[PDB]
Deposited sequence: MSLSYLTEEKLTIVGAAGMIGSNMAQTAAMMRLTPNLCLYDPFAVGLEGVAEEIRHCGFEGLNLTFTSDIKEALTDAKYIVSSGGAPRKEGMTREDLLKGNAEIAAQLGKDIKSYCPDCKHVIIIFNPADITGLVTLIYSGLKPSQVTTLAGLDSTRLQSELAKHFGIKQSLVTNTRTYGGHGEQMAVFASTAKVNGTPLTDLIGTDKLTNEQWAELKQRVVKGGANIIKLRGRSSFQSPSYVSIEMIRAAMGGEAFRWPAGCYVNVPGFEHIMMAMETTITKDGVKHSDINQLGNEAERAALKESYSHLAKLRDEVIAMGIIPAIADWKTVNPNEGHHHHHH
């Protein structure tokens, strides 16, 4: 085995669930830290999860579990949370995200990085950042699944090994609000934009393929009988590994953006997460002009949702940030 990447405490919030439990197993396999702490309000489900992890026999693991948030966040340096009417779910998740920020502020204001994966992640991630008191470089959201699903759907269409479709990228919002930057991708060396609208990938096939990405989460539900839990788990934990100084993470992440044309928002971006946190590349040089316009469209929907949550009084007036 490799040595553990760090001794600092990693806390998983939402650990009793199908996603959080898989995260626990993934973090332990990756040997990120021996000090892995599992938090969930659901104490009985949590205990069953911890018992399962203990029975894997991970060498050197110091697993802890708790339903007390102070205990869970004390000494925490990394945190990953899956602990999540339309207005009611929106408000409900924005409120749990604010409370997570306040808790980070009270119990671990020196936290290094925090990843929020519960939806709607543009709001939850931004609310957590604001209430947590952390720098923008310290908070990201899971946003890479649109890109891995695009990669998969392209590899299936072309009947080739998935890894041969390189640099597939969506930016902005997710699902219906994703912005596909096809100019970034190659299919076994050939630019995707040379293939779209040819006999090898017709206009209509491309539309249908994009729609299978948009509906990718519904499709897992229809096939598995429950929401996806292994992919969001694994990808999120690869993200926190990068933030902890491990192997770099090679897919878009959600991060804070505030530049002319895209002000005061959290969006899926071309990011790199390292021990120094997250940074994003220059939006003005992303893709081509048409793709940037699609990104602006996605931006406009995100900005409307942000303003709803300001109106609920949860996110402060932008002028007050």
- Message: No C-alpha coordinates means not modelled. Give me those stretches of the deposited sequence in order.
- Response: 1, 86-92, 330-343
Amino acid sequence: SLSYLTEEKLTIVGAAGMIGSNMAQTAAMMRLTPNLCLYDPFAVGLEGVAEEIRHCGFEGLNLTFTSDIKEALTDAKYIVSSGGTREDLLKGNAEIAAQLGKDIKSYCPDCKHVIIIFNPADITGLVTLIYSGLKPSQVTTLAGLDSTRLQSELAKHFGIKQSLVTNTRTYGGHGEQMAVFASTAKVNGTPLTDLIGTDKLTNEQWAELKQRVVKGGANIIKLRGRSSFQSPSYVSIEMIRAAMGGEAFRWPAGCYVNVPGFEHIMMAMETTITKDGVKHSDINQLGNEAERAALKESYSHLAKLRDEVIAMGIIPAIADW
From here on, numbers count along this sequence of modelled residues.
- Entry-level comparison of average CA B-factors, 174-182 and 145-153, reporting the higher stretch: 174-182
- Task: Would you tell me which stretch averages the higher CA B-factor in the PDB entry, 245-253 or 195-203?
- Result: 195-203
- Message: Maximum C-alpha temperature factor per the entry, among 235, 223, 129, 116, belongs to which one?
- Response: 223
- Can you tell me which of 164, 97, 79, 121 has the highest Cα temperature factor in the record? 121
- Query: residue 54's Cα B-factor: lowest, middle or highest third of the chain?
  - Reply: lowest
- Third of the chain's Cα B-factor distribution that residue 48 belongs to, per the entry: lowest
- When the modelled residues of the chain are sorted by Cα temperature factor, does residue 138 land in the lowest, middle or highest third? lowest
- Query: Lowest, middle or highest third: where is residue 106 by C-alpha B factor in its chain?
  - Reply: highest
- Message: Per the entry's values, where does residue 227 land by CA temperature factor relative to the rest of its chain, in the lowest, middle or highest third?
- Response: highest
